[PDB]
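Coming up are structure 1 and structure 2: the same protein chain in two forms, each one given alone as structure tokens.
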Structure 1
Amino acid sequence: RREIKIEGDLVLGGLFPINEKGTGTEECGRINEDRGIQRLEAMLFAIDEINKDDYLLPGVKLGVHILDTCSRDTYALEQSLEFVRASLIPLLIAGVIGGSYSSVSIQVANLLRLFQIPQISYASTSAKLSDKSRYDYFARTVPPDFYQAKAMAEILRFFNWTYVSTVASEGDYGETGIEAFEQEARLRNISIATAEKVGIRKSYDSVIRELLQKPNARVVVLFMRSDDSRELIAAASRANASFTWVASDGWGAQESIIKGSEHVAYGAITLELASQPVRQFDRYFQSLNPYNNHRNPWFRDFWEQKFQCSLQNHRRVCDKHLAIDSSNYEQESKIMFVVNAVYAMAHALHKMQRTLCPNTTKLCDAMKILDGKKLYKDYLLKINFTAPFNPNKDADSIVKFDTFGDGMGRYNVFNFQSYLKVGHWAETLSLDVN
């Protein structure tokens, strides 16, 4: 199999959806450029930055064992066995960075707790992962999706919107989120007219009718995914219904949802995961090409797929001058979370080495037989640090986890006109005038 194995005094395992879930027969499909290639390179970028940082793990070199998940649960577990074979050629696995999808992260967390291997995910937002009776070694730099509920209800409780109607998607997201919203609304005196769930355009048209049948609530709180949100706005367009929507990140600040139904959408309050681009990362990512990137065994497949050419005769040959640049690259939204996950692990290990190895920077016999239980509970859960590549080194650039290992809730608010950043929800709400 394909992998990135780089020796180090301590090794962080990594799991990324380098490939899309394979079609019917096959395990893996094409290369996931954004969630796969970029997120993987952001790990390598952070490891490289930590290994040049004399104030972080000055005498401990970080190594990596990066593996593809193929955006599948089973494939990720088979791969994860490398991290656990080690725990017993396999390396000194101090922790695991990943995965992306929550189904992957859940299955990996299930294997990892058995061997006391700390795990930080940069993208898995399911609420299930907050259950420490099941995922006791899991932590994440991204907040759980249920925090959007707390935030959305605060946007209502500010604007005193007490009589509100709700629509929710089917599955883990909609159901766990809306249930969290209901409970947070009940806590803040807010009432529900109709709780419509959604598993044909006529089905969404039926939901709009039930939303009209209670004309008392103008405010409709939405906790749906992208495709669901887009077809319920077109369903509100067909019936020409005028509702002020307060939607989750499934809608967010994207054009996909509002395409051809802009009129019915005006003045909708949406949520989006606040993230700041890692500038130094853009420079590193764009500098990569098949001539300089031999350490990534997927980079040639990535390149060949991106530029639709062959590096190697009925295929068109790749131009030696092709480049990842401003015309074809835009930093993936979760890069900041990948970098912060890697550094949280580095910060935890650095405080551990500092404590367990008095009068040395080097990995002493105590750290050599790593107590994962101690690393997670005593170091990882107790670290707070300014994000490494955040320009404004303020209180909202602090990387910390609550008692459940969940990252800090940081969402932005977006008004519709044209999406406009009308505020944020950190621990508390913030809005302007729109």
Structure 2
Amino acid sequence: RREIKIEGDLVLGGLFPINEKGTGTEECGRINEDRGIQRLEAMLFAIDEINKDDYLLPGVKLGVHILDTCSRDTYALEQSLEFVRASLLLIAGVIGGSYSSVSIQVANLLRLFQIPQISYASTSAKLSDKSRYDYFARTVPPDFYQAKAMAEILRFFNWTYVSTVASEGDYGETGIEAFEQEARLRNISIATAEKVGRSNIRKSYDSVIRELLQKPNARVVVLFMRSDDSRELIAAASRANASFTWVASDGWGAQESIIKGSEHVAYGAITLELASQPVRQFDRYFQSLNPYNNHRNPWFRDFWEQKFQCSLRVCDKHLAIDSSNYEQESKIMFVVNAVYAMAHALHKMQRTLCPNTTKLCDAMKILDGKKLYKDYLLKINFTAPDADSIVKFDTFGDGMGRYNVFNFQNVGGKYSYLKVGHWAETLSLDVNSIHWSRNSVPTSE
């Protein structure tokens, strides 16, 4: 029964895809290093920082209850029952999840116990429906904007006949449906519309690649897809020696885990990811972690063994997370900001209900989740450790539509994602910086 239980005056729930979905039958698979472990650690880091902050909840120690979702909504629901068992360890708010289907499933349960929820990565436009997700907010924007951003990229390059591939579920389907409307407003025609996934209703990854090849004019393929699904499509494209210009949503983003080993078939890909700035203090914190000093994370040993491909053959005692094997996951800023958003809402309620103490007074011992959400959580602060670096929610509990545009390249022997553009109400690109095809040495034999 793996979890992180750290005692406090107020406890925050945490949900992270520590492990991937398991193959065939198994619930849990490999460790998700950057979107699982780093994010988990970014929450532990933010809590440690808040617990050292003299201006944010002094006298009110924040504890945690962090669980694995195994990248499955069904597994997340089971785990989320632990957060509500105390109403059937009391929970003040929940941080997570990542996948929109997980956040949706969790929200369906949490709203029944008036528990506020803040996601740091779920971008489904569905989650903006406050009549259904009345206790949900997020430091990230809805995919209404990402879809617009992608249609504007195609319109800019006159990619007027494209194919679409979407992951089944809450993220992919509504994301691509929004993209199809934006594309239609820009006289962009859709050649074929495919859906991928693990369910009984989905066609094969090879059948999807065959559908893309049956429209040879559509060389640009727009993807709104999970990471796990992006890998299976790339593998299928490889098997059929299919060549496409992939234009992918944040599900792919600037993740090297999707392209590693199949760099040639994803060359020249254009990807989006939410506009973020790395938390420098997090880099320091994360690089100091090892299996000998990190006692509070029960998944850290499995993470270490996977990351360094050894057993603790044998793991060298001086293996270290550093700039040679690590880069801050693009959405860490949102994790820290979500924990801080919850803490700021709690601090404000604390100062309103207990003005003559720093402590959790009698008037605030029984938390009013409804008031915490509506009267406090929709607040305003400058990010923790330009001009618009403020943490706030709109009327619908959403973040701002800001994205960075990336191009998958080969710099000088090394494959990476280079930032080539930005989207915030309008599209800005550095067209000269983009590489569209692999620079292969010609053959003459």
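Between two forms, the rigid core is defined as the largest C-alpha subset superposing within 1.5 Å. Numbers given to residues start at 1 and step along the sequence of structure 1.
When one rigid part swings against the other between structures 1 and 2, the hinge lies at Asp145 among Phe83, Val339, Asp145, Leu380. With both rigid parts superposed separately on C-alpha atoms, the smaller turns by 30° against the larger between structures 1 and 2. Relative displacement of the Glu427 Cα between structures 1 and 2 on rigid core alignment is 6.1 Å. Note on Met408: its Cα is shifted 2.1 Å between structures 1 and 2, core used for superposition.
Shown is the Cα shift of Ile155 between structures 1 and 2 after rigid core superposition, which amounts to 8.7 Å.
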